[PDB]
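Residue numbers (the deposited numbering), protein chains in the order written: chain G, 333 to 527; chain E, 1 to 234; chain A, 1 to 137, 142 to 223; chain B, 1 to 214; chain F, 1 to 219.
Positions of the beta carbon are idealized from the N, C-alpha and C atoms, including for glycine.
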Ligand SMILES: *[C@@H]1O[C@H](CO)[C@@H](O)[C@H](O)[C@H]1NC(C)=O
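So this is what it looks like as C-alpha cells:
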C-alpha cells in the first residue's frame, strides 16, 4: 500500500524558520520507522514514551511531523520540560510528550558566505508558549509604558531576530534541521501503522 | 568554469520583437534568481527584470519602463534564461546582461560555491532599435612610416569606416598579436554611421619581415575583412 | 543597590583604542538598553550610541559611526564601548545610562547613570608636580598660595594645614600647557595681622605617581 | 541629524524665583522621546523629566515639563538652593540620531561684588628650572565676566596667558579666577615692571596691581 | 520603485589620496527582521561587466583590496577607497536588493596625475581609399595628461573646420595617461589639389604647439 511520505519532510529543500515552524499531517499510509533510524546519520534521535525498535508494531489515528531550523546548542531545547528562547518563545513540547525528535547538521544547506540571514527566531514575547502553540506575529514589542505605534525605537523592539549562519561557525552555532514526530491515539480509526 | 553566455542581439526595427537568451554553465542554475540588466551606451545600469527559481515560486518581476512588453522565462532542462522583447522602442537600445546578481541573498544554495563567488555577469549582448539599415564597414590600413616612428617602435593600424550598427571586433594576426593594441572608441558620424581606429606599436626592426594583418568582423552585416598593413615611405 | 559601575580612569596614546565597561546590578538587565555619552571638561553632552541588551542591536551617532563599537555580555550584565583611533579631542568623561527594568516592564527614560569614566588621551608621560610658593606680600586680609606646575595626568589634590585651613581656600581647575602637562594654582586669604604668628603649609598629592609634597609659604 | 537648541545660555536667578528653560528642535519631534536632565559639577546627569511632561521617580513637584512639536519647556516654579545646576534636553526618537542641547546654566543671583586683585611674583626656586610663572588673582566677585590683561613694563602681552575660573561659592555666591603669565627666565630678567590689568562690572575704573623686579 | 542617487557625479584625486562616494535611497533598506542593510557596491570599467565589491553595506567580496570599505546604514551609504590607486579608475554604482534590484547613477573616479606631453604621429590615406574617392588622414597622440588636447588640422596652412573628429581612450590603469586619434576626411579630388597636411597639437606639457606634417610629393 501507500508508504508514508517521509521523504517530503526530511528531504525538503526549504525549511521553515523556527518561529514559523511547519506541521505536516501524515495519514493513510504505512511507515517503516526502523528504516528511518538507519535512513541516514542523524546527530539526534531521542524517542519519548516509545521505543523506535518496537514502534513498527503500533497504530495511530494521525501523525504530525513538525520541521524547522535552529542552532546546534539549541537542539537540547527540543525536549520536554526545557527552558530557553526556543522552548519558551518558538517551539514548546508538552511534558507528556509521546514522540521522537530528530536532528542533523545542515551547514551544507543553510549557511551562506557573508551570512545567511533568512533563518529567524522569536527574541521578545509577553509570555511563554503553550505546547504546540505557534506565534507568527510581527508587531513591535512594547517593553515600556509608551505605545510603539508600529515604529521601532527606544523600548520598541522588533520581536524577531536572525541567526547569522556562517560556514566557518563552530558546530554549536551551525544550523541544524530538526524534525519532531508526534503520535496521536484517539477514539477514531487508526490510519498510520507499521508493517 | 561557471559562465554566462548571452546571445541573440543586433538590429531590430521599432515596434518589432526579439528574443534574447543566456546559456549558463558551471553552477546549479535551477536554484538561482536570475535577472537581466541593461546599459544604454555611455549611460548607467538599469535593472530590467528578475525571475525566481522554481523552488521559490518562479514569480517574475519587471521594471516599469519594460513592464507590459518584456517576458522572462527559464528552461532549467537546458540551463537557459530567456528575455522576450516586444513592441520595441529606441530607448531600449542597450547592451543586455544576464546575471546572478541579487540572488545569493535569498536563494537556497549554501556555502559550497564552485569558486567562492556568487555574483556573475555575462559579457553582454547589444540591441539596436532603429528604422535604419545595416551597412558593412570599409577597412583601410594606416601604414607605418617615418611619420609614425620614434625610438625603435613603430605605430601602425587599421581604419574601420562607415558602418551601422555597433559593434565591430578587431584582432591582429588572428589573435597572435595582442601586446600593445589600442582600439579607440567608435564615434558616431553625422551621417548616422560609425567609425573607429585600431592601432598597435611594433619594433621597427621587423617592419621588413613581419606580416601585420588586422581581422575586422562586423556581425550585423556578416562582413569579414583581413587587411595587410604594409609600410609606406613618407 | 540599583546601579551601573564603570571602569577606572584611562590614560591613552593617540592611535590606540579604549574599552570602557558598564556592569549593571539591581534590575532586569536583559530587557534594558544602554546608551553611551561623553562630555569634555566644562562642555556639552555628546551622544555616542546605544545597544539593546536583548538583541545587541547597535546604533551609533554619525560622528562616531566608523570608529566606535558597543557590545554587551549578558552573562556578566555588562555593556562595553570601544573608541578607535583616539585623538586629543577624545579627552573626555564617558557615561553609560540605562532605564530601570523589572520582571514586568521598563522605565521610559535613562534614569540610571554610571559614575563616569575619565579618559585622558595624550602623548605625555607620568610626572610629579613641582610646587612653588606664591609670596604673601595691606592693613588686613592678605593673599597667599602655592602653584602646582607641570604634572600628568589629572588629577591633583590640595589641602591646607592638613585640612585645618578650609575657609577662603580656592583651588582652581587645572589648565593644559603647550608642553602637554597640566598646571593649577591654589590660594587662601588669611588675616594680615597673623602673617608671622601663623604658619601656612600647603599639601599636595598626585596619586598617579605617588608624588606627595608639602610646601611652606613665608613672606 | 536633528538639532536641539536651548534658551538661554545662562539664567541668573535668586532663590525662590521662577526659571523658564526652552528647548527648540530643528524638526518636529514626538513628545514621547524628549527628556530633561540636571547636572551638578562632577556628578553624572540626573533625569528630571521624561516623555516631555512626566516627572521621573522622586522629583519634587516644582519641576514641570511642557511642550510638543518643536518647542519644549522645563519650568522650575520656586527655585530651591539645590536647583542651581546645568540643564540639558535630550531627544531620543527612532532607533538612531539622538542628540542633546548645548545646555543652560542656572546660577544664583547676588548683588555686584568687585574683585580684590592680587599679583604674585615668580619664585626664586622656579627660576632655576628655566621658566617663570607670574600669577594674578581675582577673588570673590560677581558677576562672572571679567578681563585680565597682562602688561610687561608697558607692553601688552598676548598669546602667553592661561585662565582658570572656579564654580561660584556656596557661601557668598561669588566667583574667583586666576591668570598665570608664563615667560622664559631670560626674557623675564630683561624687564622690570610686571603689571596685571583687571576690568570688571563692579569696578568703577580698571584696576592695576604690579611689582618691580627682574 | 526604490530610487538610488549618488553624489558626486565625478571625482579626481592624486595617487594614494582618499576617495569617497555617497548613496541615498528613497526608503530605508534596513530590514528589521535581521538588522541588515540590503545594498551593494559595484565597479565597472569600460567594455567590461560590473564587478561586485561590497554587500550587506560593508561585507567585502573575496579578492577586493582593503582600500575598499563600505559603510552607512538605513538610507545613507558611503563607499571609501582609502588611498586611490591607478587601477581604480572606473565608475562605481550602488545597488539595492531590498525590493527587486535598483542601481544608482554611478560615480566616475579619475586619477589626478603628473603632466605628460603626447607623442604625435600621423598617417596618410591609403591607395585603396583614394580608389573610392575619399582621403582620410589620421593623427595620433600618445600617453598625455591631462586629457585636454587641442588638435587642429592645417592643409597647406589653411585651418580646417568641420571635417575632422576625435576619439579619446580610457584612462590607462598603469601610467594613467590618455591617447587620442583625430581623423580628417577629404574628397579624393580636394586631397590631390594640396601638398602639405599638418597635425598641430596644443598641450600643457608642450612649450610651443608641436606639428607633425607630411608632403604628398614625399608619400
Ligand atoms: C532522503 O533521500 C536520501 C537519498 O536521496 C534517502 O537515502 C533517504 O531515505 C530519504 N529520506 C527519507 C525519509 O526517505
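Nonlocal neighbours in the same chain, by C-beta distance under 7 Å from residue i, ignoring five residues either side
{"i": "residue 131/B", "result": "182, 184, 185"}
{"i": "residue 28/E", "result": "109"}
{"i": "residue 219/F", "result": "124"}
Chain F residues whose Cβ lies nearer than 8 Å to that of residue i
{"i": "residue 182/E", "result": "169, 179"}
Interface residues of chain G facing residue i [CB-CB closer than 8 Å]
{"i": "residue 51/B", "result": "478"}
{"i": "residue 55/E", "result": "345, 346"}
{"i": "residue 7/A", "result": "None at all; the shortest Cβ gap to chain G is about 25 Å."}
Contact set between residue i and chain E, taken where Cβ atoms lie within less than 7 Å
{"i": "residue 440/G", "result": "110, 112"}
Chain-ordered neighbours of residue i on chain E, where CB pairs are closer than 8 Å
{"i": "residue 450/G", "result": "106"}
6 Å CB neighbourhood of residue i in its chain, flanking five on each side removed
{"i": "residue 93/F", "result": "42, 103, 104, 106"}
{"i": "residue 90/B", "result": "35, 100"}
{"i": "residue 174/B", "result": "113, 140, 141, 142"}
{"i": "residue 209/A", "result": "161, 216"}
{"i": "residue 10/B", "result": "105"}
Rounded Cβ spacing between residue i and residue j (contact assumed at less than 8 Å)
{"i": "residue 116/F", "j": "residue 205/F", "result": "6 Å"}
{"i": "residue 506/G", "j": "residue 443/G", "result": "7 Å"}
{"i": "residue 207/F", "j": "residue 178/F", "result": "Between residue 178/F and residue 207/F the Cβ distance is about 20 Å, and since that is not below 8 Å, they are no contact."}
{"i": "residue 30/E", "j": "residue 7/E", "result": "Going by Cβ atoms, the distance from residue 30/E to residue 7/E rounds to 20 Å, so no, they are not a contact pair."}
{"i": "residue 95/B", "j": "residue 59/A", "result": "5 Å"}
{"i": "residue 137/E", "j": "residue 95/E", "result": "About 20 Å separates the two Cβ atoms, so there is no contact after all."}
{"i": "residue 120/E", "j": "residue 2/E", "result": "6 Å"}
{"i": "residue 58/F", "j": "residue 47/F", "result": "Not really, about 29 Å apart at Cβ, beyond 8 Å."}
{"i": "residue 524/G", "j": "residue 359/G", "result": "6 Å"}
{"i": "residue 74/B", "j": "residue 15/B", "result": "Not quite, the Cβ-Cβ distance comes to about 18 Å (not below 8 Å), so this is no contact."}
{"i": "residue 70/A", "j": "residue 3/A", "result": "No, residue 70/A and residue 3/A are not in contact; Cβ-Cβ is about 20 Å, not under 8 Å."}
{"i": "residue 88/E", "j": "residue 129/E", "result": "5 Å"}
Closer than 7 Å at the beta carbon, the chain B residues around residue i
{"i": "residue 486/G", "result": "33, 92"}
{"i": "residue 59/A", "result": "95, 96"}
Partners in chain F for residue i, counting only beta-carbon separations shorter than 7 Å
{"i": "residue 494/G", "result": "33, 34"}
{"i": "residue 66/A", "result": "71"}
Chain F residues whose Cβ lies nearer than 9 Å to that of residue i
{"i": "residue 97/E", "result": "49, 50"}
Same chain, Cβ closer than 8 Å to residue i, neighbours up to 5 away in sequence not counted
{"i": "residue 15/A", "result": "85, 86"}
{"i": "residue 140/A", "result": "In the structure shown, chain A runs from 137 directly to 142, leaving residue 140/A without coordinates."}
{"i": "residue 63/E", "result": "46, 47, 48, 49"}
{"i": "residue 56/B", "result": "47, 48, 49, 50"}
{"i": "residue 187/E", "result": "194, 195, 196"}
Chain A residues whose Cβ lies nearer than 9 Å to that of residue i
{"i": "residue 141/B", "result": "Within 9 Å Cβ-Cβ: nothing; residue 141/B doesn't reach chain A, min ~12 Å."}
{"i": "residue 107/B", "result": "Those within 9 Å of residue 107/B in chain A number zero; the least Cβ separation is about 14 Å."}
Neighbour list for residue i in chain A, Cβ cutoff strictly below 8 Å
{"i": "residue 132/B", "result": "Result: empty, since nearest Cβ-Cβ is about 10 Å, beyond 8 Å."}
Listed by chain order, chain A residues near residue i by CB distance under 7 Å
{"i": "residue 146/B", "result": "Per Cβ cutoff of 7 Å: no residues; residue 146/B is ~14 Å from chain A at best."}
{"i": "residue 47/B", "result": "109, 110, 111"}
Amino acids of chain G, ordered along the chain, whose beta-carbon sits closer than 7 Å to that of residue i
{"i": "residue 59/F", "result": "446"}
TODO: Check each residue's C-beta against every heavy atom of ligand 3 and list, in chain order, those closer than 5 Å.
DONE: No copy of ligand 3 appears in this structure; the ligands present are ligand 1.
Task: Interfacial residues, the segment 86–100 of chain B to chain G, with Cβ spacing under 7 Å - done: The segment 86–100 of chain B vs chain G, Cβ under 7 Å: 92, 93, 94, 95.
TODO: Identify each residue in the segment 11–40 of chain B for which the Cβ-Cβ distance to at least one residue of chain G is less than 8 Å, and report them in chain order.
DONE: Closer than 8 Å at the C-beta level to chain G, one finds these residues of the segment 11–40 of chain B: 32, 33.
Open item on the list: Any C-beta of chain A within less than 9 Å: which residues of the segment 23–49 of chain F qualify?
Closed with: Hits within the stretch, in order: 35.
TODO: Residues of the segment 453–465 of chain G with a CB closer than 7 Å to any CB of chain F: list them in chain order, please.
DONE: none
Open item on the list: Can you pull out the residues from the segment 69–88 of chain F whose beta carbon lies closer than 7 Å to at least one beta carbon of chain A?
Closed with: 71
Task: Contact set between the segment 110–136 of chain E and chain G, restricted to residues whose Cβ is under 8 Å from the partner - done: 110, 111, 112, 113, 116, 118
TODO: Taking a Cβ distance cut-off of 9 Å, strictly less, list which residues of the segment 72–106 of chain A are near chain G, in chain order.
DONE: For the segment 72–106 of chain A, the residues whose beta carbon sits under 9 Å from a beta carbon of chain G are, in order, 99, 101, 105, 106.
Task: Members of the segment 11–35 of chain A that neighbour chain G once the beta carbon cut-off is set at 8 Å - done: 31, 33
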